[PDB]
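In what follows, a structure is listed as structure tokens, so that the remarks can point back to it.
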Amino acid sequence: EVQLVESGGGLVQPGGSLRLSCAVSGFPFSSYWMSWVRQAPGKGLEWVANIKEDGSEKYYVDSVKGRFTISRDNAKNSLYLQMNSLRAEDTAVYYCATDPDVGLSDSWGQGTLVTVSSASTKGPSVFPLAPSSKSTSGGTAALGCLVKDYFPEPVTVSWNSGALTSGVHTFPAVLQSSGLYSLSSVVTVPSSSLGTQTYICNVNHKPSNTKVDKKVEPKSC
Amino acid sequence: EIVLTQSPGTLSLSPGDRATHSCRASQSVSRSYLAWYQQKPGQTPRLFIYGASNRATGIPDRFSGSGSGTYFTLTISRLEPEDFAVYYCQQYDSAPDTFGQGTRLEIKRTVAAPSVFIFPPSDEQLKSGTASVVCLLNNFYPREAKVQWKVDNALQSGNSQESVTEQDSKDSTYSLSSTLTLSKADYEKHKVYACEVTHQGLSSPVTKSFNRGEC
Ligand code: NA
């Protein structure tokens, strides 16, 4: 299988630096030009830099020239971006991206979010969302988890350890006035199930090494 | 730099329809160096077309690309509900290997009213001094919806936030969460918590409410 696996991103103080890595497999990496592309939250794709097969030529967008360096290690099938003098303007998901002439749809990495901020990592509080019995009126019941007060993005939410996917809606996070994120994840389920099936949300906030599993207990009169 | 300008900014079409995405370049680009990508929300872009007109691996036959010079298109010949995305063009002739600004393709469907649910704050949360009340609008279309919070029949302003899911890949509906944030003190001072929903699929606005403490 083709894979481009990124690491090295995350939270970083303004003025600081990060080293992004991208480990490629499943096609002849050393035969292609490679690039980095970034996407600020809510914005479009922006090409950042590229590099020739053998590393001997490379180009940069003006706003990063002199402070970002693209490099590659063909022996390790890996691409790198060394990023210095970071600013809020650099906050973005960063993708490694193969020359399109590779002709493979899955030719970019999974992305790594770089958040340029002086704030600390903070793990979420996870609270149950259970509607009152009196307010549950017909056949399909909603429940959820509120994932509150974390930083930076992202969090992942699953239900019943990935067993429950139908009817799940994990909302985009919202930034609160506090500067911390909040998200809800809900699932709709048959009312008939509420008695005989447990519903647990599994929340992972990798930036703070926080994992929480919360059992959501239904309400009855 | 070569500037790429995409049109339209937003395109909303039904399954079966032919979708056309345009990409104009400020100077001529060789066919060999124009790509198109599909990006789903929160996901890595996928390469769909390379060299102006070649399909990447795994790309269905309903996607095609064409053009030369300063005008290029991506076509979806027969739209499917899973095709919602932002589509970007990119030139890779000369650095910077610029992207266009994207065309957002949304899938049209027939009108669908939301189902509305309301969740009180948990006792766990109240221990911390804040109360979050959540209103869910589930599986509706179109996206536009008005949500109003009332507390003991008083309209709230400035203390709620909303977010919306991506379109469902099969049935093209949205869901929306609205969260009202109050102090614990404020929550415990009042009884009736209501979210009122206005949406074109409804015959009349719907209010979902609870009384604090009810089973
Ligand atoms: Na720039």
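Basis: the model, the stated rules and, where named, an outside source; these are not laboratory values. When we count neighbours, we look across all protein chains shown, and the Cβ atoms used for this are built from the backbone with ideal geometry, even at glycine.
Checking the condition more than 22 Å from A:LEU143 (Cα to Cα) and surrounded by 13 or more Cβ atoms within 10 Å (Cβ to Cβ), which residue from B:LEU202, B:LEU182 passes? When all the criteria are applied, what remains is B:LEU202. The requirement of being within 19 Å of the chain's Cα centre (by Cα) and surrounded by 15 or more Cβ atoms within 10 Å (Cβ to Cβ) is not satisfied by B:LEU34.
Among the residues making up the range B:125-155, those that are surrounded by fewer than 16 Cβ atoms within 10 Å (Cβ to Cβ) and not aliphatic (A, V, I, L, M) are B:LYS127, B:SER128, B:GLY129, B:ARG143, B:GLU144, B:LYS146, B:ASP152, B:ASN153.
Consider the range B:66-110 and keep the residues that are within 14 Å of another protein chain (Cβ to nearest Cβ) and of a type in the set (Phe, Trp, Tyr). The one that is farthest from B:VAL3 (Cα to Cα) is B:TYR87. Beta carbons closer than 7 Å, at least 6 apart along the sequence or on distinct chains, pair a first residue in the range B:49-65 that is closer than 14 Å to B:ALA35 by Cα and more than 7 Å from chain A (Cβ to nearest Cβ) with a second that is in a strand (DSSP E or B) and basic (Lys, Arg) for B:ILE49/B:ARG55; B:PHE63/B:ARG55. Scanning the range B:161-183 for residues that are within 13 Å of chain A (Cβ to nearest Cβ) and of a type outside the set (S, T, N, Q) yields B:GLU162, B:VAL164, B:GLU166, B:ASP168, B:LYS170, B:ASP171, B:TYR174, B:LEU176, B:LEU180. When the residues of the range A:26-39 are filtered to those that are assigned to a helix (DSSP H, G or I) and surrounded by fewer than 19 Cβ atoms within 10 Å (Cβ to Cβ), the one that is farthest from the chain's Cα centre (by Cα) is A:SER31. When A:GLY66, A:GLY42, A:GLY55 are checked against the criterion of being assigned to a loop (DSSP other than H, G, I, E, B), more than 12 Å from the ligand (Cβ to nearest atom), within 14 Å of chain B (Cβ to nearest Cβ) and not polar (S, T, N, Q), A:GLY42 stands alone in meeting it. The strands (runs of 3 or more DSSP E) falling completely within the range A:162-221 that include 2 or more residues that are surrounded by 18 or more Cβ atoms within 10 Å (Cβ to Cβ), of a type in the set (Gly, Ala, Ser) and at the interface with chain B (Cβ under 10 Å from one of its Cβ atoms) map to A:181-190.
Within the range B:82-105, the set of residues being of a type in the set (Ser, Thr, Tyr) and under 15 Å from B:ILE49 (Cβ atoms) comprises B:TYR87, B:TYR88, B:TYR92, B:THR103.
Might you check whether a residue that is within 16 Å of the ligand (Cβ to nearest atom) and either in the same structural domain as A:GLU153 (by TED's automatic domain parsing) or farther than 30 Å from B:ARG104 by Cβ (or both) occurs anywhere in the range A:71-88? Yes, the range A:71-88 has at least one match. Is it the case, given these coordinates, that A:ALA23 is part of a strand (DSSP E or B), more than 13 Å from chain B (Cβ to nearest Cβ) and over 25 Å from B:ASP93 (Cβ atoms)? In short, yes. The set of residues in the range A:110-122 that are in contact with a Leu (Cβ under 8 Å, 6 or more places away or on another chain) and more than 7 Å from every other protein chain (Cβ to nearest Cβ) comprises A:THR112, A:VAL114, A:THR115, A:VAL116, A:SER117, A:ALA119, A:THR121, A:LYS122.
Do we have B:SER77 as surrounded by fewer than 16 Cβ atoms within 10 Å (Cβ to Cβ), closer than 28 Å to A:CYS22 by Cβ and either without any contact (Cβ under 8 Å) to a residue 24 or more places away in the chain or more than 16 Å from the chain's Cα centre (by Cα) (or both) here? No.
Restricting the range A:26-39 to residues that are over 30 Å from A:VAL174 (Cα atoms) and in contact (Cβ under 8 Å) with a residue 24 or more places away in the chain, the residue that is nearest to the ligand (Cβ to nearest atom) is A:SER35. Counting the residues of the range A:89-101 that are touching a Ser or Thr at 6+ places or on another chain (Cβ under 8 Å), within 16 Å of the ligand (Cβ to nearest atom) and in a strand (DSSP E or B) gives 1. Every residue in the range B:1-55 that is among the acidic types (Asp, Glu) and over 15 Å from B:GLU82 (Cα atoms), please. B:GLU1 - this is the single residue of the range B:1-55 that is among the acidic types (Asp, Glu) and over 15 Å from B:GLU82 (Cα atoms). Given the criteria under 16 Å from A:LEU104 (Cα atoms) and outside any loop (DSSP other than H, G, I, E, B), does B:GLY69 qualify? When the stated conditions are applied, B:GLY69 does not pass them.
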